[PDB]
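Enquirer: this one's a deposited entry, sequence included:
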Amino acid sequence: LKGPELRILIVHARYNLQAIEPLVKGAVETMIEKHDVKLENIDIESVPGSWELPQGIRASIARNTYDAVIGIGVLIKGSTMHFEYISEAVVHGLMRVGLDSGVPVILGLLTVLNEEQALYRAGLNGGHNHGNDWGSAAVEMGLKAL
Amino acid sequence: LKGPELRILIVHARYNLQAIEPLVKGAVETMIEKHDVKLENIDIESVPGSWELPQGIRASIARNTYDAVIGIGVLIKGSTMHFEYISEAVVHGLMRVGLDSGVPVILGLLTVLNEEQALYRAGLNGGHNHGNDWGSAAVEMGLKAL
Amino acid sequence: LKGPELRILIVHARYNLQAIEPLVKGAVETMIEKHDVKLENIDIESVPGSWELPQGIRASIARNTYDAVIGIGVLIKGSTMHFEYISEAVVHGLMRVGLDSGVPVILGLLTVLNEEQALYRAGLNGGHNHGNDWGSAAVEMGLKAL
Amino acid sequence: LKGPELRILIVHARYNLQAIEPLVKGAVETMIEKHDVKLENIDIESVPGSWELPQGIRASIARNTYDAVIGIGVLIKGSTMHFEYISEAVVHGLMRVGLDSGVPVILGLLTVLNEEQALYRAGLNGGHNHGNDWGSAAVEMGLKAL
Amino acid sequence: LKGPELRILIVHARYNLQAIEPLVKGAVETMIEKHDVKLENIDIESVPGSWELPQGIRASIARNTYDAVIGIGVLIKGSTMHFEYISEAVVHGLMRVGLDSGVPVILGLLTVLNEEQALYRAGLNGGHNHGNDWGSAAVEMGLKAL
Ligand SMILES: Cc1cc2nc3c(=O)[nH]c(=O)nc-3n(C[C@H](O)[C@H](O)[C@H](O)CO)c2cc1C
Ligand SMILES: Cc1cc2nc3c(=O)[nH]c(=O)nc-3n(C[C@H](O)[C@H](O)[C@H](O)CO)c2cc1C
Ligand SMILES: Cc1cc2nc3c(=O)[nH]c(=O)nc-3n(C[C@H](O)[C@H](O)[C@H](O)CO)c2cc1C
Ligand SMILES: Cc1cc2nc3c(=O)[nH]c(=O)nc-3n(C[C@H](O)[C@H](O)[C@H](O)CO)c2cc1C
Ligand SMILES: Cc1cc2nc3c(=O)[nH]c(=O)nc-3n(C[C@H](O)[C@H](O)[C@H](O)CO)c2cc1C
């Protein structure tokens, strides 16, 4: 699968930048090197945290045109019930933005119990980088949408 | 119940292809052999994973016309809360696509604790193939929609 | 409360027909014998399972005109998480169909732990038939809608 | 805060009339005696149970015009999962009706473990009547909407 | 990041004023002193409780024009299931108001187990004031929306 003409959007939160950078990297790397996506055709915006992910994406979708978008963020279970309610709302929200707009939104949200689980899924400490998978999913959904 | 004229869509994810193939097979087999559905009248698309099921279906529904569609995928509980939030969002999303479009969407999503439970419901190891049930449900809902 | 002119719809699933029949019976019986609903003014459709309840109702609401509708089905906790996610989606969906259409939808969905609990609520083994209650609720909501 | 011109709607379910009456009383009493709401400007409808609360309100909102509405009902945990799914759907539904219509909907739904907890929140056995609070909330939201 | 021209709205509930005031303070303080927001450009409304947060915001968004809004409130787990259902509905609702309007809504809702956890997140007893974070998030989302 190659998408030389595909325009892709990547909105990521800023908390847990240690797990987030590897995630974004893998996504970009994979699209460029495996699906022939052009670097200039990849916009990368950012928002304070995961809560702003759905709106950040919705705003950008209104401005320019993209074939696919990837929402990236990591939520870690804390002492309160915050984790549970935000996770549910954000996941439901990304799903909504995608269905409302007709633009494929790939879920790059990690909802873990601790930092280790997040880093592991970002490719560190012997884990597999899930950003790569999201990159290929973006490309694939982008093409099927044409 | 026979649906010789029915056009049916089947979108399935690709993770856990071991449980997914049997599922799709049973669905197709059942429609052809028990409800007289014509093989040429059955489109089979695929997406990376369960998260893309709702959008994959919505896109296809916009292109061609179908009397019913079956969303197939299997989610397995992992170490994080991922399983819980995606399961809820995907199920809610397939329900939405169906009600929004007026096209019957049959739920072929397995949300299990482990691989064994999935294979069991795919007809292996003495279990009953649920794909068969989904096939008959598609045919029935398709006819009642006419 | 009497509704001689009321037209009522009853869509029921087919799994657990042992608990479902008593449920439907009580609903019909109650409407006829206590609220003067005319037998000819009661349509009874059916769908494979509870998942199709929302769409089955939405389709029918589009065809003919009804003053109230009753969605009947029984979900039993199983080995997987299926029970939990379907229950939530179906209940949320019936609520949606009702609010979207303006037509009162009475919830006749039983979400139990085992078969016994269902039969008990269907009037068997010393229990009270909840179908009766749903019948009266349909009639009442139908009238208040006029 | 005084609302002599405010028109307020109160829809309440009928199950657990022992806890419900005190609740409604407190709401009305409080509005009349503390916010100068006129008794003639307070409509009080009723529905069979909590499930019908959202639709009962939506129907009335379509007929007449109100500045605020209070949904009152009490759900008690039972032997099945019924309590959990209905509670979630009803709460989500009242929230929806309010946001869809632009009319403030005050939540007067009690979701308790047992009858005692409900009566306690209805002002009995040394508890505080929450109906009073809902009455003041209705008045306040009604005014801010003008 | 500076937003001298930004107009920001802050709607807060009134229960737990001990935790709420510090929260609002930190938000305002941070915007003024770190992002050059003008005090006259910050409206501060209030509602009885967290349930009214979504509607309170929706009403105000309809009146005047803002670049961002912050919903502040604190919910504390009690004896009943109330906490759980309201938390979920309010969080889902704030998310909806934001996506429906196109106006960024920052979540300043604390869903804690006890009063201590709330005060801690309000900057007291050695904790970090989260109002500051919400203030910066509002400013940032406000600018990116232009
Ligand atoms: C107590 C608390 C914990 C938070 N934890 C996270 C987290 O783990 N990941 C994340 O992206 N954002 C987190 N956020 C920020 C949240 O996503 C959101 O951006 C804010 O509530 C709105 O700015 C947290 C906010 C608060 C108040
Ligand atoms: C940590 C993790 C676990 C996943 N588990 C599953 C699974 O069990 N089944 C499935 O269809 N997709 C799974 N997916 C992929 C998911 O459905 C979805 O496709 C992606 O998040 C978007 O490409 C998983 C993704 C991640 C990051
Ligand atoms: C594993 C499994 C368990 C099911 N259990 C029920 C049940 O208890 N009640 C019911 O009405 N339908 C049940 N269904 C069918 C479901 O409501 C729905 O009809 C299908 O997924 C779509 O045809 C089940 C389906 C599956 C695959
Ligand atoms: C098994 C069962 C338990 C119920 N429990 C309550 C309850 O505690 N409170 C209430 O207002 N309604 C209750 N209802 C009725 C429900 O709100 C709703 O009105 C019906 O399902 C639709 O008429 C119950 C209905 C059933 C079938
Ligand atoms: C039993 C009960 C507990 C409540 N607890 C809270 C709370 O912890 N925080 C809050 O902002 N509002 C709380 N509220 C009020 C709620 O947010 C809402 O304003 C009302 O139900 C509508 O006025 C509570 C209301 C009730 C009846």
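Expert: Done, it's in. Numbering: from 1, shown residues only, chains lettered A, B, ... in the order given. Ligands and ions are numbered 1, 2, ... in the order given.

Enquirer: okay, now residue A:25: neighbour count?
Expert: 16 (other C-beta atoms under 10 Å in any protein chain shown). For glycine as for every other residue, the C-beta is placed from the backbone atoms N, C-alpha and C.

Enquirer: any idea how far it lies from chain B?
Expert: 20 Å (C-beta to the nearest C-beta, to the nearest Å).

Enquirer: residue contacts, the residue nearest to that residue when sequence neighbours are not counted?
Expert: Nearest residue to residue A:25, sequence neighbours excluded (C-beta to C-beta, 6 or more residues apart in numbering or on different chains): residue A:131, at 6.6 Å. Taking C-beta atoms under 8 Å, 6 or more residues apart in numbering or on different chains, we find residue A:131 in contact with A:22-27, A:29-30, A:72, A:108, A:122-123.

Enquirer: ok, now how distant is residue A:131 from ligand 2?
Expert: Noted for residue A:131: a distance of 9 Å to ligand 2, by C-beta to the nearest ligand atom, to the nearest Å.

Enquirer: and stretch A:10-21, what's buried?
Expert: A:10-13, A:16, A:19-20 (16 or more other C-beta atoms under 10 Å in any protein chain shown).

Enquirer: among the residues you listed, which are within reach of chain E?
Expert: Among these, no residue lies close to chain E (C-beta under 8 Å from any C-beta of the partner chain).

Enquirer: now, which of the residues you listed lie within strands?
Expert: Among the buried residues of stretch A:10-21, the ones falling in strands (DSSP state E) are A:10-12.

Enquirer: relative to chain D, how far out is the residue in chain A positioned nearest to ligand 2?
Expert: Closest residue of chain A to ligand 2, C-beta to the nearest ligand atom: residue A:137 (3.6 Å). Residue A:137 is 30 Å from chain D, where distance means C-beta to the nearest C-beta.

Enquirer: hmm, that residue is touching residue A:105, no?
Expert: No - taking contacts as C-beta atoms under 8 Å, residue A:137 lies outside contact range of residue A:105: 10.3 Å.

Enquirer: beta partners of residue A:112?
Expert: Bridge pairing for residue A:112 (DSSP bridges) gives the partners residue A:76.

Enquirer: which ones are touching the residue in chain A positioned nearest to ligand 1?
Expert: Here the residue of chain A nearest ligand 1 is residue A:49; by C-beta to the nearest ligand atom that distance is 2.6 Å. By C-beta under 8 Å, 6+ apart, residue A:49 lies in contact with A:13-15, A:73, E:137.

Enquirer: again, but for residue A:84
Expert: Residues counted as contacts of residue A:84 (C-beta under 8 Å, 6+ apart) are residue B:81.

Enquirer: residue of chain A closest to ligand 5, please.
Expert: Closest point on chain A to ligand 5, by C-beta to the nearest ligand atom, is residue A:81, at 12.2 Å.

Enquirer: number of nearby residues for that residue?
Expert: A count of nearby residues for residue A:81, using other C-beta under 10 Å, gives 20.

Enquirer: name the nearest residue to it, sequence neighbours excluded.
Expert: Going by C-beta to C-beta, 6+ apart, residue A:81 has residue E:111 as its nearest residue, at 4.5 Å.

Enquirer: isn't that neighbour right next to residue A:83, touching?
Expert: No - assessed by C-beta under 8 Å, residue E:111 is found out of contact with residue A:83, at 9.6 Å.

Enquirer: and the closest residue to residue A:13 other than its chain neighbours, how far from residue A:56?
Expert: Of all residues not flanking residue A:13 in the chain, residue A:73 sits nearest, at 3.8 Å (C-beta to C-beta, 6+ apart). Per C-beta to C-beta, to the nearest Å, residue A:73 is found 10 Å from residue A:56.

Enquirer: residue A:95 too?
Expert: According to C-beta to C-beta, residue A:95 stands 15 Å off from residue A:56.

Enquirer: and these two? which has more neighbours close in?
Expert: Neighbour count, other C-beta under 10 Å: between residue A:95 and residue A:56, residue A:56 has more, with 26 against 23.

Enquirer: pull out the buried positions in the helix or strand hosting that one.
Expert: Of the helices and strands defined by DSSP states H and E, residue A:56 is found in helix A:53-63. Buried positions in helix A:53-63, judged by neighbour count with 16+ other C-beta under 10 Å: A:53-61.

Enquirer: quick one on the thing from earlier: now for the residue of chain A closest to ligand 2, how many residues are close by?
Expert: 23.

Enquirer: compute the inter-axis angle for the helix or strand containing it and helix B:53-63.
Expert: Following DSSP H and E, one finds residue A:137 within helix A:130-144. Computed by axes from the mean of the first three to the mean of the last three C-alpha atoms, to 10 degrees, the angle separating helix A:130-144 from helix B:53-63 equals 10 degrees.

Enquirer: show me which pair in the contacts of residue A:49 is furthest apart.
Expert: A:73 and E:137 (13.5 Å; C-beta to C-beta).

Enquirer: could I get the contacting residues of the closest residue to residue A:35 other than its chain neighbours?
Expert: Once flanking residues are discounted, residue A:35 sits nearest to residue A:139: 4.3 Å by C-beta to C-beta, 6+ apart. Residues in contact with residue A:139 (C-beta under 8 Å, 6+ apart) are A:1, A:3, A:6, A:8, A:31, A:35, A:37, A:68.

Enquirer: need the residues of chain A near chain D, please.
Expert: So far as C-beta under 8 Å from any C-beta goes, chain A does not lie against chain D anywhere.

Enquirer: how about the helices in chain A?
Expert: A:17-35, A:53-63, A:82-101, A:115-120, A:130-144 (DSSP state H).

Enquirer: would you list these in JSON lines and tack on distance to residue D:101?
Expert: Below are the helices of chain A laid out as JSON lines (distance: least, C-beta to C-beta, whole Å):
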{"stretch": "helix A:17-35", "distance to residue D:101": "40"}
{"stretch": "helix A:53-63", "distance to residue D:101": "24"}
{"stretch": "helix A:82-101", "distance to residue D:101": "21"}
{"stretch": "helix A:115-120", "distance to residue D:101": "42"}
{"stretch": "helix A:130-144", "distance to residue D:101": "36"}
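
Enquirer: who's in contact with the residue nearest to residue A:13?
Expert: Residue A:73 touches A:12-13, A:15, A:20, A:49-50, A:53, A:90, A:108-110, counting by C-beta under 8 Å, 6+ apart.

Enquirer: residues in contact with the residue lying closest to residue A:42 once chain neighbours are set aside?
Expert: Spatially, and ignoring its direct neighbours in sequence, residue A:42 is nearest to residue A:8 (5.2 Å; C-beta to C-beta, 6+ apart). Shown in contact with residue A:8 (C-beta under 8 Å, 6+ apart): A:31, A:37, A:41-43, A:66-70, A:138-139, A:142.

Enquirer: farthest-apart pair in those residues, please.
Expert: Largest pairwise distance in the contacts of residue A:8, by C-beta to C-beta, is 15.1 Å, between A:43 and A:139.

Enquirer: around chain E, pick out the residues from chain A.
Expert: So chain A meets chain E at A:45, A:47-49, A:51-52, A:54-56, A:58-59, A:62, A:79-82, A:85-86, A:88-90, A:92-93, A:96-97 (C-beta under 8 Å from any C-beta).

Enquirer: quick check: beta-bridge partners of the residue nearest to residue A:42?
Expert: residue A:42, residue A:68.

Enquirer: please report how far it lies from ligand 3.
Expert: The value you get for residue A:8 to ligand 3, if C-beta to the nearest ligand atom is used, is 34 Å.

Enquirer: just residue A:115 next, same as before
Expert: From residue A:115 to ligand 3 the distance is 36 Å (C-beta to the nearest ligand atom).

Enquirer: would you confirm that that residue contacts residue A:16?
Expert: Yes - the pair residue A:115 / residue A:16 is scored as a contact, 7.4 Å apart, by C-beta under 8 Å.
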